[PDB]
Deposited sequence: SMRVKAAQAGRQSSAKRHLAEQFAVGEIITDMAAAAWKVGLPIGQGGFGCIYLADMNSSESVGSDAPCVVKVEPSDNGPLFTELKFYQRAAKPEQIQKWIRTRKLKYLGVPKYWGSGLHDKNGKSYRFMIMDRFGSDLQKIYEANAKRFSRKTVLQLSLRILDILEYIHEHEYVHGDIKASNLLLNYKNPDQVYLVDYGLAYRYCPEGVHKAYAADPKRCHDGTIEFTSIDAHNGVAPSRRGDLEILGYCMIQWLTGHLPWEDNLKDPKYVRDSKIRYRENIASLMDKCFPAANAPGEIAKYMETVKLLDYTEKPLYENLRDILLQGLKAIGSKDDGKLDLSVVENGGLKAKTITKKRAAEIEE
């Protein structure tokens, strides 16, 4: 069931016209309407799903609320950032084909995901790379958290490079993102019966393991586990992913004793102190507490000093 005729022109709900190209779920290259065919260097994609697909509705709502082009540029200029790794929303609508109803959404097109680059690099990323990636992820999490959402599923496969700049990383996939703070009121410490997702097992938060709705501390903890994975090739619990009980137990005990996480993950002494410090600060957060994002970035910046570097934006990939 091909939802589009290749090269057709579709009009979104604001009457913006787009042309549909080849497939890169169901995701087609896309560009502005013109007499030219959509090419392999197209700047957008169009995602299309049945109109009763829950995840695309959720993601679309996130993008409409938090990823308006002007909204992101405004933030970038005011916070004095080089860029912001939240993808831009370009439009959406309803498409009916073959007696079926579909929803589509136009968004930025990206280059490679980090997971492929990570594997091509024998499952290792330098300390330089990890610190530079993570500073930019903290800009992204600060942004989405300030617009009432948590991601709950940060990982290398959800991190894409700017197609035209290998130093800019973007966080994608908001189909199971969660609105933790609707209208400024924080969700209570409790399960959300509308939410079925626990994140990705190896990286997810102790909160999600405990069956409660994800909050901001959860996102920062997920990034902690990513940083260790990226630096070492491994997480302590990776041999028991099939049992969630085991994964949660190891996570809980290692939070209680961060020095033994450092000893386990970086054998023969020598753990990078900024990672331990980062974890210690995240440990301090209550469920509903606003993180001190700039302090977290500072910690990471001390790491860059230690290695003879600076925040020069170079991902080194």
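S.K.: Deposited sequence versus model: which ranges have no CA atoms?
M.R.: Absent from the structure are positions 1-19, 44-48, 342-364.
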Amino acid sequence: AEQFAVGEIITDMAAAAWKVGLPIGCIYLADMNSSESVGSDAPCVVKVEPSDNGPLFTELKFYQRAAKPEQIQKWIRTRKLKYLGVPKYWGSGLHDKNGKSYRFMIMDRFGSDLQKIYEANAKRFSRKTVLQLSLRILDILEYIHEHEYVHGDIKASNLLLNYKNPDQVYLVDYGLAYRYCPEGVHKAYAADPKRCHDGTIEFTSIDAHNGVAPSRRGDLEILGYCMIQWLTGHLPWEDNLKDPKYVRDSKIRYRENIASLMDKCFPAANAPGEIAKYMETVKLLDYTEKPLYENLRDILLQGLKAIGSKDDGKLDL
From here on, numbers count along this sequence of modelled residues.
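S.K.: Can you let me know which of the two, 244-252 or 29-37, has the higher average C-alpha B-factor in the entry?
M.R.: Mean B over CA atoms: larger for 29-37.
S.K.: Comparing 76-84 with 106-114, which stretch shows the greater average C-alpha B-factor in the deposited entry?
M.R.: Comparing 76-84 with 106-114, the higher average CA B-factor belongs to 76-84.
S.K.: Looking at 206, 172, 138, 120, which has the highest CA B-factor as recorded?
M.R.: Of the candidates given, the C-alpha B-factor peaks at 120.
S.K.: Whose CA atom has the top B-factor in the entry, of 198, 219, 202, 148?
M.R.: That would be 198.
S.K.: By the record's CA B-factor, is residue 237 among the lowest, middle or highest third of residues in the chain?
M.R.: According to the entry, residue 237 has a C-alpha B-factor in the chain's middle third.
S.K.: Split into thirds by Cα B-factor across the chain's modelled residues, where does residue 131 land: lowest, middle or highest?
M.R.: Middle third - that is where residue 131 ends up once the chain's C-alpha B-factors are sorted.
S.K.: Please say which third, lowest, middle or highest, residue 163 falls into when its CA temperature factor is compared across its chain.
M.R.: According to the entry, residue 163 has a C-alpha B-factor in the chain's highest third.
S.K.: Within this chain's modelled residues, let me know which third the CA B factor of residue 20 belongs to: lowest, middle or highest.
M.R.: Ranked within chain, residue 20 CA B lands in the middle tercile.
S.K.: State the tercile, meaning the lowest, middle or highest third, of residue 50 with respect to the CA B-factors recorded for its chain.
M.R.: Its C-alpha B-factor belongs to the middle third of this chain's values.
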